[PDB]
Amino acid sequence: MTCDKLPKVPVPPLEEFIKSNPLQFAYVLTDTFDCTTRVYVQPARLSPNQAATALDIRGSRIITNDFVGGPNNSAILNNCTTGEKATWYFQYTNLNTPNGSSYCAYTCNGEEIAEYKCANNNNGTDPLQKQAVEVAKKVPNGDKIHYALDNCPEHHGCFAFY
């Protein structure tokens, strides 16, 4: 019904995300994360805070966010370029099954969904992801959620980057 009431599953251990690398976003809300590959990175050896990092790669450009665990099964992201914070949740995760990995994550503007990222490495075959997206679309501002992998740029010999 509203963004603040969506499911908030536990954040999997970082190792489960690393084992899923790289993932593609099948469904997103803004057009920022169209044609985008996600790679998770462990903290640098010398990092005192030991925050992990989410990489959102679109061609030759990249958006980076450190993240740490927060209350209520949240991930708090710190944009590495702007220092902007955002509180994210997982609607569900299904990492490293015999059919690969998927998850849907979101961040809210009160009752509205501000951003939505559904990732997978199996070309969108997980039944959980289909049901998750249909739920999110009925939340306020979820009408903007759209399939993200149409009319993306041509590749030049790499599978997941371009």
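Quick note: we count residues from 1 along the sequence shown, nothing fancier.
- When the C-alpha B-factors of 87-95 and 68-76 are averaged, 68-76 comes out higher.
- Stretches compared: 26-34, 99-107. Higher mean C-alpha B-factor in the entry: 26-34.
- Per the PDB record, 123 has a higher Cα B-factor than any other of 129, 123, 53, 50.
- Remark: residue 18 belongs to the lowest third of its chain, ranked by C-alpha B-factor as recorded.
- The deposited CA B-factor of residue 114 belongs to the highest third of values across its chain.
- For residue 61, the recorded CA temperature factor ranks within the middle third of the chain's modelled residues.
- Residue 140: CA B factor in the highest third of modelled residues in this chain (values from the PDB entry).
- Among the modelled residues of its chain, residue 12 has a C-alpha B-factor that falls in the lowest third, as given in the PDB entry.
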